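Following: one structure in structure tokens, then a few remarks.
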Amino acid sequence: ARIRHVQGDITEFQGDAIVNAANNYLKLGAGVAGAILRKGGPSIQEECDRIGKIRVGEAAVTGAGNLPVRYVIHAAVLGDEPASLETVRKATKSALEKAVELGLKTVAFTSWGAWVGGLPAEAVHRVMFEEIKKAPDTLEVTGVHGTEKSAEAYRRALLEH
């Protein structure tokens, strides 16, 4: 799938879905998840509770409440097991699979930086980008970054070569 990198708040993404990095228990806390629970509203955690625990490396879909997407795809990168490059690979793949199953066209991810601090940053990026590349061209993926400097740096890396 094609990727485009922009600066923004992922909770303001106007497309079909956002991916929320998650624990496998599917319980929301602070950060992106906190913005989701506040701006999305109570229905998101309520539906996560309905789904129940999933395995690390899996994903699960909820509605998005008052957010301007249709779905939140929760990607379980850690929880009852630690994050690894394999859990990152699996969770990314699983999230993309849910998007494809739902027949979606536009899906946003963050860098997942706040979930992978003990892993090598460049390898995390490589694993995620490889999974996104393998996804069908029926998907357009947006990488949402906190700053313009970072968004542009990610675009720059796609020239290289």
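Chains: A, B, ... in order of the structure tokens. Residues: from 1 per chain. Ligands: from 1, in order shown.
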> Counting only C-alpha atoms, what is within 9 Å of residue 23 (chain A), bar same-chain residues fewer than 2 positions away, as a PyMOL selection string?
Replying inline: chain A and resi 21+25-28+54+56+74-80
Please produce, as CSV, a per-residue contact table for region 35-154 of chain A versus region 1-16 of chain A (criterion: any atom at most 10 Å away, only C-alpha atoms considered), showing the nearest atom pair and its distance in Å to one decimal, sorted by chain then residue number.
residue,atom,partner,partner_atom,distance
A:35,CA,A:11,CA,6.9
A:36,CA,A:11,CA,6.5
A:39,CA,A:11,CA,7.8
A:40,CA,A:11,CA,8.3
A:64,CA,A:11,CA,9.7
A:66,CA,A:11,CA,9.9
A:67,CA,A:11,CA,6.5
A:68,CA,A:14,CA,5.5
A:69,CA,A:16,CA,5.0
A:70,CA,A:16,CA,5.3
A:71,CA,A:16,CA,6.5
A:72,CA,A:16,CA,8.8
A:96,CA,A:1,CA,9.6
A:99,CA,A:16,CA,8.7
A:102,CA,A:16,CA,9.7
A:103,CA,A:16,CA,9.6
A:104,CA,A:16,CA,6.1
A:105,CA,A:16,CA,6.6
A:106,CA,A:15,CA,5.2
A:107,CA,A:16,CA,6.0
A:108,CA,A:10,CA,7.0
A:109,CA,A:10,CA,7.4
A:110,CA,A:10,CA,7.1
A:129,CA,A:3,CA,8.5
A:130,CA,A:1,CA,9.7
A:131,CA,A:1,CA,8.9
A:132,CA,A:1,CA,5.7
A:133,CA,A:1,CA,4.9
A:134,CA,A:1,CA,6.5
A:135,CA,A:1,CA,5.1
A:136,CA,A:1,CA,5.3
A:137,CA,A:1,CA,4.6
A:138,CA,A:1,CA,7.2
A:139,CA,A:1,CA,5.5
A:140,CA,A:2,CA,5.3
A:141,CA,A:3,CA,4.7
A:142,CA,A:4,CA,4.9
A:143,CA,A:5,CA,4.6
A:144,CA,A:6,CA,5.2
A:145,CA,A:7,CA,4.7
A:146,CA,A:7,CA,5.7
A:147,CA,A:7,CA,5.4
A:148,CA,A:7,CA,5.2
A:149,CA,A:7,CA,8.4
A:150,CA,A:7,CA,7.7
A:151,CA,A:6,CA,5.1
A:152,CA,A:5,CA,7.4
A:153,CA,A:5,CA,9.1
A:154,CA,A:5,CA,6.5
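Interatomic distance, CA of residue 33 (chain A) to CA of residue 111 (chain A): 13.8 Å.
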>> Residues within 7 Å of residue 73 (chain A), please, as a count of residues only. Count only C-alpha atoms; anything in the same chain fewer than 3 positions from it doesn't count.
In response: 9
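The shortest atom-to-atom distance to residue 29 (chain A), with only C-alpha atoms taken into account, belongs to A:45 out of A:45, A:88, A:157, A:55.
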